[PDB]
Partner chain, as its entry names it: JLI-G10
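In structure tokens, the next block holds one chain alone, the form deposited without the partner chain.
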């Protein structure tokens, strides 16, 4: 039921539908072999698709929309811009964005218009949508326009009043509107179908196009070795790891927040805590992507020295503080971590299992966060620390898998799409 299927092949985009649409990718479009493409604000950043009665039809694609600039928030909220336009004789459809809102507009032959949209929150401590790959699907039948986000129905618009909408027009991928120079958009897997896709089908496609042998970072891009990452905890979203002053352990602190006074904006800072870096058991090499079940060392930088995250071999309680220390071999600690992804649903979270070596059947425990007793004349009697725990060994077997377990981590690199 596919009538257009844009995919990457050899530094270009082509139609694989077999209906042979002509695709002109202009020099302003950045492409990669992960099928991601980038529309920027410069004039040559566009794609023209020339394709060879009331018709049901559906569009799906992935999109990654960058965070607002804090100092440019008014126009982000105010200014709508088209990113994909498909019109003939002033009739057709368009996909637009006005700030934190993505919009689907239908235009009949008479110019009569209807829209359906999805809006995400820009006051969330930590957002699931901002500058993160998510999945979009819009369906149209005789009576309704629907938007699905990540397989789930989000909005519905009655389009009974509309009239014949012309669909054969050329499709223009280009940012069009009163935008800032720094504005851009990433897209992936653009598709069009000659039927209204059912919620069941969208969900299956969501899961299938979510599949990868590799792991992903917090933004949704492939997880990499030898790349600097801040760490996020899905069970403790506002917390972060810092090497404790004068002690070789990771204390856990609360993220700082947006500290100015725009009334449209709130978020927690993401670029804080230690800069971690994932290495290889053996060991630095070109574009090495991290895969499920890989064996790694979890390292980080401490004043131009590379330190590593250890566990004591012989910890006595159900959980214990991790040891953060220089790279060294020791009879007393494990350093071998196996990176895991226990969730069976789409996710960017992973788990970090300590192990004896690469051949062992023994599971020592999973890295997470726990509260420990503070001795002496202190403020608080308990404090959060960067830990290993045997308890998660039990909890990761429960089904369905818990998205919010404190043994679920994501890795956050600096990214042009998030500034704070």
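Throughout, rigid core stands for the largest set of C-alpha atoms superposing within 1.5 Å between the two forms. Numbering follows the first chain given and starts at 1.
A second form of this protein, the form solved in complex with the partner chain, is not displayed here; the remarks below concern that form.
Residue-level contacts in the deposited bound form: of 369, 59, 63, 49, one residue has a heavy atom within 4.5 Å of the partner chain, and it is 369. Proximity to the partner chain in the deposited bound form, taken as heavy atoms within 4.5 Å, picks out 311 to 319 from the listed stretches 162 to 170, 311 to 319, 192 to 200, 210 to 218. The candidate spot formed by 26, 37 and 177 lies out of contact with the partner chain in the deposited bound form, as no residue has a heavy atom within 4.5 Å of it. Proximity of residue 54 to the partner chain in the deposited bound form: non-hydrogen atoms within 4.5 Å are absent; the residue sits far from the partner. Put simply, residue 402 is close to the partner chain in the deposited bound form: some heavy atom of it is within 4.5 Å. The shortest heavy atom separation between residue 363 and the partner chain in the deposited bound form exceeds 4.5 Å.
Though the partner is left out of this view, residue 235 does reach within 4.5 Å of the partner chain in the deposited bound form, counting heavy atoms only.
Looking at 27, 381, 362, 33 after a core superposition between the shown form and the other one, you find that only 381 has a C-alpha shift of 2 Å or more. In the deposited bound form, the Cα-Cα separation between residue 375 and residue 323 grows by 3 Å or more relative to the displayed conformation.
Relative to this form, the distance between the C-alpha atoms of residue 237 and residue 381 is reduced by at least 3 angstroms in the deposited bound form.
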